[PDB]
Structure formats: structure tokens, C-alpha cells
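Reviewing the structure listed below.
Letters A, B, C, D, E and F name the chains as they come in the text, with residue numbers starting at 1 for each one.
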Amino acid sequence: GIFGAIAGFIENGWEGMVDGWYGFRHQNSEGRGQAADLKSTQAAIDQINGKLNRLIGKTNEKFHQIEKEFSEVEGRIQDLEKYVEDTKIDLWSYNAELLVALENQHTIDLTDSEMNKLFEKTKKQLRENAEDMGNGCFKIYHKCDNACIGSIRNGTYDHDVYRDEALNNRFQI
Amino acid sequence: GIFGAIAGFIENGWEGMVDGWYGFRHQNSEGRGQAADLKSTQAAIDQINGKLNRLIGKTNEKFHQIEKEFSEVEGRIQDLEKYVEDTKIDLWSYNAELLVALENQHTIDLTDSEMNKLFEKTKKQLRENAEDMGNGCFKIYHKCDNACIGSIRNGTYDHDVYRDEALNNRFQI
Amino acid sequence: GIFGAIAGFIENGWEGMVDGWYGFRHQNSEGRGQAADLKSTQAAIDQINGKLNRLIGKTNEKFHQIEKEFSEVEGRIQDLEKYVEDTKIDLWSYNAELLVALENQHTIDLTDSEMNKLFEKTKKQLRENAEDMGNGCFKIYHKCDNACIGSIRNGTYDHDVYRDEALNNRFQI
Amino acid sequence: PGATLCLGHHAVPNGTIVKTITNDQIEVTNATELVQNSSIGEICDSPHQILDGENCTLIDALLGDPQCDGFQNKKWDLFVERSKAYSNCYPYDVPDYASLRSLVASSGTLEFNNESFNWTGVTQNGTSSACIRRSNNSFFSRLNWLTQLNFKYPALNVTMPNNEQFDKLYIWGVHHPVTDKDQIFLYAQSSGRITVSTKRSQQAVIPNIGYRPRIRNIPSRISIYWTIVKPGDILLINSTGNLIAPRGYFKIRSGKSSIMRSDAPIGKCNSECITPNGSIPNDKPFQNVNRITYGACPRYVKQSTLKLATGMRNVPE
Amino acid sequence: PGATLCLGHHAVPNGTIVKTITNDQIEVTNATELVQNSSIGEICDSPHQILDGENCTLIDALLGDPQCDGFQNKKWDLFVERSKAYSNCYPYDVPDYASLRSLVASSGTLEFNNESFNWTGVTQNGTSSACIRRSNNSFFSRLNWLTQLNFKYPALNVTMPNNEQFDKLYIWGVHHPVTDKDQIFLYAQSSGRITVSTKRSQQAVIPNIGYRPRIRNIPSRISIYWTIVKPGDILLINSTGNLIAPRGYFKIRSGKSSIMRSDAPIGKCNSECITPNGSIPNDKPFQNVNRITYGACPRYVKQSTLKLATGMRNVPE
Amino acid sequence: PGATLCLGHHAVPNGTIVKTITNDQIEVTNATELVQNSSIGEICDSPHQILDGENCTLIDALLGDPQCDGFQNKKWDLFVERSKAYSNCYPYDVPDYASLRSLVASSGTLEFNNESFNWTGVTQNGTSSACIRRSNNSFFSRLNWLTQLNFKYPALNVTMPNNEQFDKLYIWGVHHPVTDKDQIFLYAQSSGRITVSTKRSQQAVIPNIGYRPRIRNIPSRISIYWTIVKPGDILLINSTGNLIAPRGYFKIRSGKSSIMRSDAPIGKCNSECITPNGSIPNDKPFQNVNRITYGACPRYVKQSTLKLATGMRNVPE
């Protein structure tokens, strides 16, 4: 995808994450765990639902039209009726092909984007207390128990609380 | 937007910025201020003008066509004339709907991108002398008066001049 | 482009890189050199080939249609035949114009993206051992001979080997 | 020691293949179908007013073929013509059959008003053994077969003004006898002539006496014509033999009515979109069931499937 | 202490709602309208050559109805036909009226060249009280009503070669008298016959004697026909009564000319795009004023508004 | 000291200008053309079955003009009609020429089966000096000019049932003599009449005696008509003079056949896409060579060039 996260620097998805589309796995002093991120998940879902709302249940009413099957050979007029219809169908068929290709490229890109946004947000949050391992994981350079990990996931992590501990751990020899 | 800056990590826009689309607000020893960034502003504007030039004042000449209103009931030929026109109009109406949707998605994304590019450029510029607070703001870890702030905005900021001061401030206990 | 790398923070391309689309130039103790990155190059090429495969050698068969040139003045029927064809051609001409514009915007953006992905990957790889100079170049803060540079290009660079040396060089006065 | 925090995304074991700008096969976590590819095999009677032609074509119902008497004055949103339909009255043809069928279909009504035409000097109500109604010889219900009276057929010059605020549709015909003999027996002179006119139109027809191949054992024919008469205008029938006279006019309306050829049975159900194959759901934007449709329908396309991604790229473990 | 440097973007207090791929309502700082939804209510006389039909249809101007004499030999880019137009000469019809109107409209000229047809044995220049010109009985200016001379109408066999490098358009007609009496009074024999031919065509017409409903109190008619004669070809009129003869030919050109039904007044102004509602600006790519257009025009669409974002997402403080 | 590692991308000295959403001129490293703008100037004989009309129109080959005898029973995917084609048999016209040409073109075969029509009381095989075959007077090969025998022409009433499982296409005509004299010399009565009918159709034609401008010095004409007869149906020719009789029927098929007007020479080569300019390669999705095409062809567009970027933005050093 165009952001390079999904099928990119994130090696693979998590089949065992069934309560969200994006989220966090951690390991700390109290174990290892997983939690879905609802905001990023909802952001992706809302956008996909927006597309769907623009395409599902939105059909157009037509009534009396032209004939499109013919039991007799007639020549010029019938040639024209058939050509008009063939023309129309090919144009709509093209429209449908293009629409799906564009929509699908865009869906993949926007979902990749949301993954990237969550990663970026988390990176900035951690400030000088963690380093990016390159695979979507941060090495957090301080004790970070379950409440600490929760604080990161919930946006209440105060980097200043841990900064001294983290800098000492990062920049030791 | 797809970059996550506008309506993303940048909490909101600035109604009081009327001389550009993107820019800088600062606080330092001499006060607080705002300045537009002309390059990013112009980059967005140029792209939007490029679209507009592809759509405004570019109409197509048609002369003798077919009739499209009828005062008598005729059957087959008139059915065909009406169907051809209805076909055409629906195809153009689709084209117009799609065009605007795609153009608008793209305009939002490109403007988000330019915001992101300016942020990234500034981040790299500051090197080890500042940290990203996560909301589009950098905490600059050295005295940075008005000329200093101007130097950042103008691309003449020499990070080496302040690096010792900044590192000492960043990595203290 | 939408990522800001190609014709952005990367000042210009390299005419002397003829064995790949993206790559690395270095300077170290043993000289200066260039090497193509095959993975990023192939990623761009694969995507462009994917487009091409969707457009080249994929034509549609039509046989008996309507007449489109006329040696006599006839009025209503001929007006309709001409209008149907003019309608069709204008719709396809629009489709072709739009297709190329969208495809080309996308090709520029995806190639910009791949440049950006390679830059990001390299940045993360280097961890605390290098700093981004803002122009696509990293200042690597340790001795990094040819095998070392090769290790970065090949994804076998172990940042821990050099970290002490690099931190000392980065954070000196 | 510290901690590790990894950002990630879901994946499924059963992904779906979709197309993009650059890839004709890429796996996403989920997708939805945009092409409706099936029908339920019946035409729902709701919410459109369906009129099943059964054995009658619309034109037979119009003329009043005896098996079509139950159709008198009925309206429809959609008239459904069956492939088994057949005529069983006097054999006939309609020059520009297709246009008459179309304009009646589109009008959406068989509403007929009788009018008292002044037919003096001729025998009215001619019947035939080729058009049996309730075991008697009969004729088209809406047509009046005029023949000689007292071995005479005088020149008709009959007027009917349209003082309504709607158009009137007149259906009338010409009889083509099989022989010069039969011609004189029916109309008292060797050559028929019909002129039907209005202020803004005139249709002139001469019969062609002669044999045609037998249809239901009848080698003679009737040719059917129509004339629309607007408000303030007048119908003039100026004839000297061979006229198959109108008994009145059909109302012509405008609206959403049409006709469809189908052998799908009518069901007691509710579906907005009708195709000849049966009604189809209209949740999807596209369909490949039939290019022929009526109502709020997905657009016909050639593809049998188009999958819209409704999830991210699927990257299994 | 140090400093803080924040990157940001503008916003406005009055944003505009636009559509995207995923959102049918999202606010941006600015947008521009892509659908032209209004006209100025008049058809600008520039830059296209406008010919206002006034009381004349193009066909009436062609035939030379007396109120249309001011139209002789005029050209147009766009002929404008008014709904109030009416004929006031001999009542007539034109089989395939629509095609003649179209081909003349498209030709864009009423240029007429007189030709000296050899009309021997008949009285030329027949007139009528149903076609008053300058208080006298008259006739269509471009048509020559031929009648009997000395109670005879001999067989005409008149030739006119096209030795020009353009096509010639011939307009001619058939008169349908009201009675067998009137027929003999005018043409000396009971049955008319007209044959108009070229190397590559032949049109044969028999008059139909009889009453039609009165139009401006006249119950007789003229049926109008046309014939195009190419370079190297020849017009042959082989007639024995009832001919309404051409006096010459119209030039047929090709180019950008057309015809439009409109009641919008002509204004002294300059606008490229004409609709029946009036001229419309053509800055926008689309329009919902009228599917009928002439000139450099936005394309007709069903939407009444389509807003193109010309700014970023608007995120007020 | 340390090291420097710079990331970058290639560039070329000779970039190509392409269009995007926002820029009508942006330079990329490489691009490919999507509009085919040239032909090789010849129509390849493979892989479609090409039938070069040479001097014959399809209709002349159908009727059996003597220069077209080599065309008998031939099939085609594409019939190519040359602008130099000319008729050299009895001068004729075809009402709705365009439709007959179309339906034969589309059928793709000149397969003709002779049938033994019962022509009793008339002289068969009439010939003319206007249709020379091998230095003798002749006629259209597929038509049978019937004339009087022993100064009589009795009433024909000839039947031909279609007991095949295909449709039959019948071509027949009416002769229009130049004089009442010539009429009697040929058909023994002053007035011809032809009626051709089936169960589901009837075509009636009266000859028009009179002069037409000479074509190859002949001032008389034949008018050509056609009749399709389905399985279970019957052809009835009920005539009393002036009939140009069919000798049999053409098979009508359906499939991929057509006709094209072109003066491009036929080459010994292989190309899927044919235009009147010559065959064109079909690698590109679009083409601006000709709106007229046959086979697997790029779609006609107005643009003469559309460049698809196949590389990144080009940023020279």
C-alpha cells in the first residue's frame, strides 16, 4: 500500500485480533497482551461505510425504453437500436470496472494510512522514552506495567514521568 | 485526510491566518507570533489551480443534433431518440458526480500532504535541538529569539550553533 | 508528489544510476559509491507493469455496427446515427483523458511513495547511530567501511555493534 | 528490562480477492458483491401494477380478440406479453406494429369510450367464423365491420370532433377480400377506398384484393391503422367500401407504463426491479441478469462479478 | 526556557460542504460551482448569426408564406422558431416534415435561384384567397400553381439539369381538390399524376380527392415533397395534373447551422452558448438549464449543483 | 569522521511530458503511447475472411450483375466495397437500399439455392442489351425477367413453401417500362400488378410507366424488393405483369459478418483490427485512425496522443 505499513514494515496481520482492525500487542513485567484501538478502527470503518452508502441501495428508475431483442431481420433501424444499447452497456461496464478498481485501491490505501497514523501518533507520544524497532514495535526503555501500557493506549501516558529512567537506559554504555 | 495532519494531529486550523494556508506560530523570549509559509501555500494553490484550469472555460461546441422534445406521439423512432438522449445524460451525470468526488478527495489529500511536508521539513531542520510534542508543535530546547525563529522559517537555521545548548537541556535530569 | 520525496526533500535524481530506480550513495573511509536497491525498484516496476497489463493488448471485438459516413442528405434518421456516434466518441474520449490523468497522478505518487518507504526503512534501521540531514542523506556517526555500508543496504546492519561509538559522537560537546 | 509495544492490524484466515488499479488479484479481509447475478424466477405483482397478457398480445387486447375480453379498460404499469400468446380472431397485420404496440404500452391504459358514429346506408356489426365469441361468429370488440345494405354501399363522410381535453386514439382497419366476387358481395363495388383525416393529417388506403397464405384457414386479411386526434381537432372518415370502422377511441395517457416480453410467472411478492427473468433485488448498483429492465433497477453490465473491498489488505500469519 | 514552534494551517468561519469518495458532506475552506443553473432569459444575437422566425416556421419561410417574404435568401447559424408561429397561406402537410425541417436547418440558408421551367400548355401562377399577399390573392412565393389552359392540361415532361458544383434542393407539391368537379375545373382530367425523378431516384404521387376538416376555412390540401439533385444529375417532372411546381432550387450547404424552439427574446449581447431558456455562460463544465443547446456549451447533467473543493478541509477553532 | 549515506532515485536526460490531475505538462522518466495513430495502409487478408468487392457493390453481387459472377455463393467476415464500384446491368433502385445492404452484409453469405417456380403462360429469361454477359444480351443471374407468351400474360399465383430450418431471403423486382406501348409489348396489358405475400406479410407494387433520365442510355427502371420467409411459412407471388421474378432464395445466417467502404488494397498479412484506412495494430487501448472499425480494435477517441507514465517524475541533475 502507499504508506508502507500494512504488508510493509508491519510484517503481517493478527488473526487473533477479532475486536478491532488495529491495535496494540505488548510485553512487559506482568505478561503479554493485545488490545484493539477503537478510534483507528472506527476511522477506517466510517470511510468504508461512506463508500458503501454511495453505492448500495441507490438504484435509478427506468420505465419505457427501446426494444432490445428482435424476432425479425429489419436492417437499419434495428442496427441502430442494437448499437445504441451495446454502446450504453459497454460504457456502463467500463464505469463499473473503473469504479471498483479505484475504490479498491483507495480502500487499501486508506486502511494502510490509518495503520500509519496510529503508529505515528504512538511514536510521538513516547517522545524520548522508546525507540522504533522498524517492524511496528517500540522498545520502551523503562518499566511499563499494565497501567502504564494502558495509559499509552488511552492517551494519558505522561512521558515526563519516565523520561529520566528511559534516557539513562537508552544512552548507557 | 490520508496524511493525518489536517483534522488529525493538528487539532484545528487558524482563522486568524489570512495571508497564507500554512504557517508557523511561535512563543519565545520576545513574545508570540504567526507567519505564513509561502512555499507550502503556493504548492497547494498551484495544484488546485491546475485542476481548475482543466475544468473551467473548456467547453465543447455542438451544433445540429437530434430533437429532444416532441409535440406528437410517434412510437419507435421517438422512443429511440429519447433513449439515446437519456442514456447520454445519465452517463455525463455519472461522469460529473465521479469527477467531483475524486477531485475533492484528492484536493483534501494533497492539502493534508502539504501540511505534512512542511511539518516533516521543519522536524528534520531542527535535528537534535527540538522534540515533536505530537500536535504539530516542537519544543525547541534552546533560546530562540525572533531572528532565530525567522531563520527556521527561512531555511537558514544552523542547528550546529545551538546543538550543545539543546542537548544539555534535553538530556538533563 | 504527494509524499514529498521525489522532487521534494530529495533535491534531484541521479542520471548515473542506470541499474535501478532507487538506491544509495555513500561516502566513507574507503571512498564513495552508488548501489541500486532492487526491492524498491521492483516494487515500483511491478505496480507500473500491473497497470500496463490492465490496458495493453486488451481490445474489444465489434463486428456489424451502424454506418458512420453518408453520401446523401437524409434528415432525421441520419441525424440520429451521427448523434449516437458523436455521443459515443465523446464519452470514450473523456474516459481516455480521465484514465490517463488518474493513472499518471497515481504513478507519480506511488513512485514517490516507494522512495519514501526506502528512506523510512533506512532511517529506522540506523536507530540512534545516524541523523537525517534533511535531503535524503544520513550522517552516520561511526566508522562505516564498505562491508558496513553493504550491511545497511542488505538489511544485516546490527545497530548495537556501533551504538556506543555513535552515541559518543552524536552527543559530544 | 522495560517493555515492548507493537502496533498492528487484524487479518483473517479466509480473505477475498479483489482488483485494484495495479493488481487484478489482491487479497483483502472482506468484500461485497456489486453485480446482482440472479433473479427469483418470478415477477412480483407489487409494487407495480402488473397486467399478465396470458394468451393475449397487447395489440390483441386492444383490438378486442374474444379471448382478451377480460382485458377491457384495464391499466398497467407493466404489461407482460407471453411467448405462447396467439391471435384467434380475424387474421390481421399492422404496418408499424412496433410503434402502435409501443405507444399503447407507454400509455398504460386500454380505457375505451364508445362513440355513436353515423353509419347510414351500410350493414353494421359484420361477423366471421374466424372470430368465435361464446360459440357464435363474432368480430373484434372495438371494431365495427361495415358491409353493404340492400346491395348498396353509399359514400360515407362521417365526422367526430374531439371536444375533450385529452388526445383520442382511434384504431381502424381495411378488409382485403380474397376475390373480386367476395368484394362485390360485401361492399357492392369493385374498388374500396378509405380516407381517414384530421386537420393535421390524412391516411389513404386502397384494399388489395387477392389470396394470402391461409392463417387459421382464412386467406383474406385486415390491415390495421391508427390515428390520434387532439383537442380542437376532428376525425373524418370519408369511405366507399372495405372500412373496418372504429366503435370509439382509446384514451392516451402519459406516465411510467411499459411492456415486457417474459415467460416468468407472476408471484405474490414485492420487488421494485423487474427483468424478463423475474424480479431482482436492487441493493447492488449493477446487474448482469438482463439488459431489459423496468423499475428501480441496478444497471446492466457485462461483468458477472465485481467485488468491492470492505476491508484492508489481508496479510495472514 | 526555550521556545515553542507550532505548524498549522488556516481555517475560515464560513466553510462550504462538498462531497468526496467517502463522505457526502465534508467542509472545506472554499469551493466553486461546476453546474451552470441559470440563464439570462434572452438569446444573445452575437456571436452566432441568429434568425428569429417570428411568426414563421422555417418550412413556412422556405415555401414562401406571404408573412415570411422578409426571410428570402437569408442565412443563419441558428434559426429560432417561436411557439406562436402559424401558417397563413394554403393549408399543407409535409410527409417527413421533421426531416425537411432538419436538412434545411442544418444547411443554414434559404438562398433560392429561380429557374425557367418550360411550362407549356398550362396556366401558371395560380392564386388563392387562402394566401393573401398585399391584399391580393396569392400563393407560396417559391411554388408555381399550374392549372388548365383552354380546358386542356397536356402531359408535362420537363427536364432541368444540375450543371452546378453544388447540390440543388427542389421543393414541390401535389394539390388535392375537394371535389371531382373542382378537379376538372383546375386540371381538365379526373385523375392527376406526378412523377419527379432523377438518375438515382423517383417519387410518384397520386392526388387524393376528398374533404379534409377545414383549416382557415379551406377543406382542400397541398402535400409538400422534396428532391435533391446532385451535380451531373437531372430533375425530371413528368406530370398530368395537380402539380404544385418548383420555381427553382434552394442551395444546400453544410456547416454548423441548426434550429431551436424557443420563446426567449433576442438580446443585443454576446454569448457562445444558447439554450431555449436563453443564452448561458459557458465558464462551467456542466449545466442543468437545458438538454437542448447550441454552441460552445457546458454539458447537460441532472445535478443542480456540484461543488468542487478549492481549499483544504476546514477545521474551525 | 564517520560516513554519509544518501538515498535517491534515478533520472534521465531525455524525459517525457505527461498529464496528471493537476498538471497538463509534467516530466516523467518514461511513458508509453495509448493512442494508435497510424495504419499500414492495407487491409490484411488474415485472420478475417475478406471479400474484395472490386467493381461490385454487395447489392450488385447479390443481384448477379455479370461482372460479379465470380462472387456467387461466397461468404465473408468482411465485404470490402470500393468507391470505384459501378453497376453495368439493368439500371435499378432499391427502396431502403441501406437496410438490404446491411442485412446481407451482416448475414455474411451469398449462398443461393435455385427453386423451380411454376411459371406457366409467360416467356422466361428475358434479356437486355443494357446487361451484357459474355458478349450476349443477358440479365441479372438471380432474377428471372418474365414477359408475355403468345400475346398473353395470364394471372400468376405461385406458391413456394419454406420447409427448411433456416429463413429464406427472396429478392425480386418490378419493371417500369418507358411507354404504354413498351408495356403492352412486354406484358400484354396496360397495368402491371405484383403482390408478394407470406402468412405474416404482404407487399403490393404497381409499376410506374414513364421516362427517367437515362443511365447508361436506358430510361426505364427496375425497383428491387425483398421478402424473408421463415420455416413453416410460404412465399406467394400473385402477379399480372411487370414481375422480375426470383430464381430462388439466399440463405440468411447470423454471425460476425459486416461490410466496409474502403479503397485500401488487400495485403497478405495478419491483423485483427481493420479500418477503412487499412489494418491497425491493436496493442493500444485507443486509436484515432477511424471511427469505422471491424474486429478486435482499440476504441476510437479524438485525442491524437495520450501518454501513460511508465516511470517516476524526472528530476534532472
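What we mean here is this: a residue touches a chain if its C-beta (ideal position, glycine included) is under 8 Å from a C-beta of that chain, and two chains touch if they have at least 3 such contacts.
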Rounded Å distance, subunit D centre to subunit E centre (Cα mean)
33
Quick one: report the Å distance separating subunit B from subunit D, using the average Cα coordinate of each chain.
57
In whole angstrom, how far does the Cα centroid of subunit B sit from the Cα centroid of subunit C?
21
Residues within subunit F bordering two or more other chains
21-22, 98, 102, 106
Mind pulling the residue numbers of subunit C that touch at least two other chains?
48, 51, 54, 60, 62, 64-65, 76-77, 79-80, 84, 87, 90-92, 101-103, 105-106, 110, 133, 171
Line, ring, star, complete or other: which describes how these chains touch one another?
complete
Contact pairs between chains, per stated definition
A-B, A-C, A-D, A-E, A-F, B-C, B-D, B-E, B-F, C-D, C-E, C-F, D-E, D-F, E-F
Show me the residue ranges of subunit E that touch subunit F in the complex, using the header's touch definition.
157, 159, 195, 197-202, 204, 233-234, 236, 238
Subunit A partner, complex, touching residues on subunit C are 54, 60, 62, 64-66, 77, 80-81, 84, 87-88, 91-92, 95, 99, 102, 106, 109-110, 113, 116-117, 120-121, 124-125, 127-128, 164, 167, 171
Please give the residue numbers of subunit B that touch subunit A in the complex, ascending.
2-4, 8-9, 76-77, 79-80, 83-84, 86-87, 90-91, 94, 98, 101-102, 105, 131-134, 170-171, 173
Residue set of subunit D touching subunit B in the complex reads 96, 98-100, 102-103, 106, 167, 228, 252
Using the touch rule from the top, collect the residues of subunit F that touch subunit B in their complex.
21-24
